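So the chains spell out like this:
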Amino acid sequence: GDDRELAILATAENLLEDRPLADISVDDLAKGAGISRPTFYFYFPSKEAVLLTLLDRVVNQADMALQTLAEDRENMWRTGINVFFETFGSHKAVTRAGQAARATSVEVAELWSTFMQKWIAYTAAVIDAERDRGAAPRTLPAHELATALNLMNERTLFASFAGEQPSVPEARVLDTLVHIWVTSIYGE
Amino acid sequence: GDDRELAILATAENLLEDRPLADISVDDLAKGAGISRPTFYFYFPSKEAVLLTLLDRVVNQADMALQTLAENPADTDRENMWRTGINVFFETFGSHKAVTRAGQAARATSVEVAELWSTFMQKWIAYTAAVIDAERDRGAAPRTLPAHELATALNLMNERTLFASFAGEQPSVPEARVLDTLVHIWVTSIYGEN
Ligand SMILES: CC(C)CCC(=O)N1CCC(c2nc(-c3cccs3)no2)CC1
Ligand SMILES: CC(C)CCC(=O)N1CCC(c2nc(-c3cccs3)no2)CC1
């Protein structure tokens, strides 16, 4: 029933650890899920739709975790960046394949865009509240500062996870981001 | 002869303004450059090699311009020094948006493009780190993060942020605000004690 959908998703994430989406066939996903190819087509219209569902789940998991946190200043930001570091860090294969699919899937590009706008708006609201209580100085427009900081974390977190040359080592990427966020949000 | 190569490059950059590489054929590039298809193949093995060459020229132009800046005293306050350096990339890539966009896309599918980008990123990060170290050495910047790791995150920020702005991504910093936004983050993060 639903456990069949879940088996297809788990198979896909498992195979994506090994190869790109280009080198995984519906036949591949059907076999690992223990179903036939036409049964697979009952649950998903394409291998692309499988990835989109995985990414949606990972992105919603980071988002929910950030809402949970939301509901010292350096430590507050570190805890928030850490939600993304851990969530996407725990699903590296999906992260890497989802980021690649942005260039070829409008639904993936729109999903990413929607959540980026949400995370940027949350970041700017917190900066504004810090400015309101007199802990942060009124320097750049908060939304513009939030946008560049979130774009930084996207590129840098994901370069690290994929082992890009160049990238910050994964064991140093959290301290690196937190320094840049704290000095740029609080720095006069 | 060489003017044929340059006409093929100019044709490709022009067509990239309106359509992606996938919607440009070799026939299109030959037609715009005033040559036949087999003549095109004399100059380039593929439409991919044309783009790789365009990107190589753009990336080398930014790089030569950063070298020119670096070799001057250029005496200026610290914020102004970083602004002038970020401005080289803002102007150079900003002047070739279609090539920048297509070349960033082609990183996914071309090992030669991926390796080109990677080579210059490492060079620009190393120059940034060396400048941060010299600043630390003279006592203008505090010793906070490892200079190379700070340099890496800052350059990766500029790559994603400049290129999101150029492409009009949602979300992105408006192109008229992006220079000021980057310079603020570089200055506070390089000089900020906290
Ligand atoms: C763009 C993704 C890959 C990374 C997103 C990221 O690193 N963030 C986005 C929002 C963040 C934020 N945290 C908060 C906090 C509120 C209360 C504790 S953290 N508000 O916004 C932290 C950094
Ligand atoms: C990854 C590309 C798009 C980043 C380009 C970038 O904005 N840079 C790279 C290096 C830059 C740098 N400037 C300098 C200067 C030396 C003397 C005046 S500026 N050293 O490193 C400034 C920012």
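Refer to the structure printed above.
Residues numbered from 1 in each chain as written, not as in the entry; some residues may be left out. Chains lettered and ligands numbered in written order. Heavy atoms only, no water.

**A short note on unusual backbone geometry**
Then, number 1: Of the consecutive residues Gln165 of chain A and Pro166 of chain A, the connecting peptide bond is found in the cis state with omega at 5°.
Then, number 2: Looking at the secondary structure, you find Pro166 of chain A in the loop between α8 (142-161) and α9 (170-186).
Then, number 3: A cis amide bond links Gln170 of chain B to the next residue, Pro171 of chain B, at an omega of 5°.
Then, number 4: Examined against the element boundaries, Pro171 of chain B turns out to sit in the loop between α8 (147-166) and α9 (175-191).
Then, number 5: The phi dihedral of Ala74 of chain B is positive, around 50°, even though this residue is not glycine.
Then, number 6: One can find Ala74 of chain B in the loop between α4 (47-71) and α5 (78-94). (Helix = DSSP H or I, 4+ residues; strand = E, 2+ residues; numbered from the N terminus.)

**Focus: the interface of chain B and chain A**
Then, number 1: Taken together, the 34 residues of chain B in the interface contact 35 residues of chain A.
Then, number 2: Together chain B and chain A conceal approximately 2800 Å² of surface at their shared face, both sides included; 67% is due to carbon and sulfur atoms.
Then, number 3: Here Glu149 of chain B ties to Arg172 of chain A by a salt bridge, and the two come within 2.8 Å at their closest N and O atoms.
Then, number 4: Linking chain B with chain A are six residue pairs in polar contact, by the criterion used here. (Contact = heavy atoms within 4.5 Å. Buried area = accessible area lost by both parts, 1.4 Å probe. Salt bridge = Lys/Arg side-chain N within 4 Å of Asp/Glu carboxyl O. Polar contact = N/O pair within 3.5 Å; in protein donor to acceptor, adjacent residues only side chain to side chain.)

**Quick notes on the packing of aromatic side chains**
Then, number 1: Under the criterion given, the structure shown has 28 aromatic pairs over all chains.
Then, number 2: Taken together, a centroid distance of 6.0 Å and an interplanar angle of 40° make the contact between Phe85 of chain A and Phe161 of chain A tilted. In this pair, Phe85 of chain A sits in helix α5 (residues 73-89) while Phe161 of chain A sits in helix α8, placing the two residues 76 residues apart along the sequence.
Then, number 3: In this structure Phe85 of chain A comes out as buried when scored by relative accessible area, which is 14%.
Then, number 4: Measuring from ring centre to ring centre gives 5.4 Å for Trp82 of chain B and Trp186 of chain B, while their planes differ by 50°; the resulting arrangement is tilted. (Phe/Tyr/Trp six-rings, centres within 6.5 Å; stacked < 30°, edge-to-face > 60°. Buried < 20%, exposed > 50% of the residue type's maximum accessible area, 1.4 Å probe, protein only.)

**With respect to the site of ligand 2**
Residue and element names in this part refer to chain B.
Then, number 1: Taken together, 14 residues sit near ligand 2, with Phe89, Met121, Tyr127, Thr128 and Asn158 positioned nearest.
Then, number 2: In the environment of ligand 2, an oxygen atom lies 3.5 Å from a nitrogen or oxygen atom belonging to the side chain of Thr128.
Then, number 3: One of the side-chain nitrogen or oxygen atoms of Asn158 is found 2.8 Å away from an oxygen atom of ligand 2.
Then, number 4: With the chains in place, 97% of the 550 Å² that ligand 2 exposes on its own is no longer accessible.
Then, number 5: A majority-of-atoms criterion places ligand 2 in the second largest pocket.
Then, number 6: For the shell around ligand 2, the elements supplying multiple residues, two or more each, are α5, α7 (111-137) and α8.
Then, number 7: Of the residues in the shell around ligand 2, the class split is 10 nonpolar, four polar and no charged. (Near = heavy atom within 4 Å. Areas by Shrake-Rupley, 256 points an atom, 1.4 Å probe, with all protein chains shown as cover. 1 Å grid on protein atoms, 1.4 Å probe; cavity = no way out; pocket = protein on both sides within 12 Å on 5 of 7 lines; lining within 4 Å. Sits in = over half its atoms within 2 Å of the grid points. Nonpolar A, V, L, I, M, F, W, Y, C, P; charged D, E, K, R; others polar.)

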